[PDB]
Every structure is written in C-alpha cells, then in structure tokens.
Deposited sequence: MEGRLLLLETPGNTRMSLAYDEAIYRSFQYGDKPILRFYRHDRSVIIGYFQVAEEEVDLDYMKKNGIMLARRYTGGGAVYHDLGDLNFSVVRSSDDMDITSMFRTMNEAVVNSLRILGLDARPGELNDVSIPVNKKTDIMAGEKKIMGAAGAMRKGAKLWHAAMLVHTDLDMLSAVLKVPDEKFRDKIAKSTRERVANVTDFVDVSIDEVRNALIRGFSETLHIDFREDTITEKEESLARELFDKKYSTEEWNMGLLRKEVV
C-alpha cells in the first residue's frame, strides 16, 4: 500500500511544528494514505498535553537559556529536543481503540530500523507511566533509553509520534527536565540522515507500506496555520494560562 512521506519541519518554531502535527492527524479521513513525517526542533522542551509546566520543567533555567516551551497535543511526559533529536509521526486509518497494540507495532518497526543500523534495542518492560525509563512506550538500548513516544486515537484514525536521541545534548536534557538516557551515536557511528533512512526502510518493511515523498495538502496547511494562529502560538495553550 502506498504511504505519504512528509519531510516537513520548522526547526526554528517548535510550536508551529506541533501545529503541523495535529493538523495532519486531524485532517486524516479513514482510508487516506498512511503518513510518515520526519522533523526536528531546535532547543525546546515539549510537555504533555495534561502537564503542569512548572511541575515538570525548570522554567527559569529554560527562559535564561533561550529554550522554547511547547505543549503537544498527546499526553505523556516532558522531553528535551535539539537538532540532535530526530522526531517522527505516523498517522494511519484505525478500526479499533487498541492503543497498546499500536505502540507494540510501532516499537517493532523502530527495533527493525535500528537493527539496520547495527544497534540492538527493545521496547521497555514497564506499564508505570510516571517512571522515567523502561516503559513499554520507550525504546531501550539495554538499560538506557534512546527514544520515547506518545500517541492518540479517535474514531477512524490513530497517531503515534516519537523522539529519538541521535546526537542530543544530554546535559542540557538533564538540567532542563529537573545517566539513564543515551544517544544512538553512543552506540553506532551514524548521521541523522542515516537514522532517518533506516527508519523509512524499517517502517516500510514492518508495516508493509511504501512511503513515497509527498507534500502537505492545502487543507492540511490551512488547518495547521489555524491551529498555530489560534492555539499553538499562544501563551495560554503552552503555559496553561
């Protein structure tokens, strides 16, 4: 089956990037071409939809250091991104609300992709959502987390997007979200492009979809702009004013 590969990234505006990402999710109609989107964000902390900013991050350190706060539309915990972090989102038709199985199948895809790069990894073991590593939504290179993910479902559509640490500043990560995380490049000598290419092939093989490069539609673009103008660009959305 043919998919859409969207190489669609606004690294200098994380809030707009997130607007793009709900936009593609919400524009999706059951039976549409499944979407695989790759993107990076400059220095940024992205918190879960339901999180209290000042409980989860050092907002004073962040402002002092020019790190953008951005709230995403999926739940889950807070993460630090920079240009060393590769993000990706998968939107597909859905006939059920079995989110566990979604994470399971996307993690298989990620594991297959990393195998291509010579890196052995598994999904974490634990259900406890509050713990920092080894969750079933994490991907673990042994004891170290190298990737986390969040997702959402509605009638007819699912979304699952993930942040992979390729060559992220792990010291900035630890400072802003206040030994357990690692970069992919701590294990194998690879570029972001090589990682992206492995993920394309791995997701294609695992999901049996051929993701061909495409652009966003006028409808997807206009919704993203609306979501940004009315929501993602605002302090109320991000800070929860």
What's missing from the model if you number the deposited sequence from 1? 179-193, 257-262
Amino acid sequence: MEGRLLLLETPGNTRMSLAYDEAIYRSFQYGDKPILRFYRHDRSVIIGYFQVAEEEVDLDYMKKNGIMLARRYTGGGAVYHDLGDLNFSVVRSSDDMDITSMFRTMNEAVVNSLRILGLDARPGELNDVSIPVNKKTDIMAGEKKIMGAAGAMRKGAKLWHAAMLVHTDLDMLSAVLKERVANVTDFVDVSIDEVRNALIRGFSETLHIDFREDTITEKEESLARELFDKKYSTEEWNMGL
From here on, numbers count along this sequence of modelled residues.
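What we label the rigid core is the largest C-alpha set whose atoms superpose within 1.5 Å from one form to the other.
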After a core fit, does 93-101 or 119-127 show the bigger CA gap to the shown form in 5 other deposited structures of this protein? 119-127
Which of 31-39 and 47-55 lies farther, on average, from the shown form in 5 other deposited structures of this protein once the rigid core is superposed (C-alpha RMS)? 47-55
Mean CA B-factor: is it higher for 194-202 or for 59-67? 59-67
Return whichever of 124-132 and 99-107 has the greater mean Cα B factor according to the PDB record. 124-132
The largest CA temperature factor among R115, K144, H161, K158 is found at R115
Please rank the C-alpha B-factors of the chain's modelled residues and tell me whether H41 sits in the lowest, middle or highest third. lowest
In terms of the chain's CA B-factor thirds, is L5 lowest, middle or highest? lowest
What third of the chain does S233 rank in for C-alpha temperature factor, lowest, middle or highest? middle
Chain third (lowest, middle, highest) by recorded CA B-factor, residue given as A182: middle
Where the record places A53 (Cα B-factor, split into thirds across the chain): middle
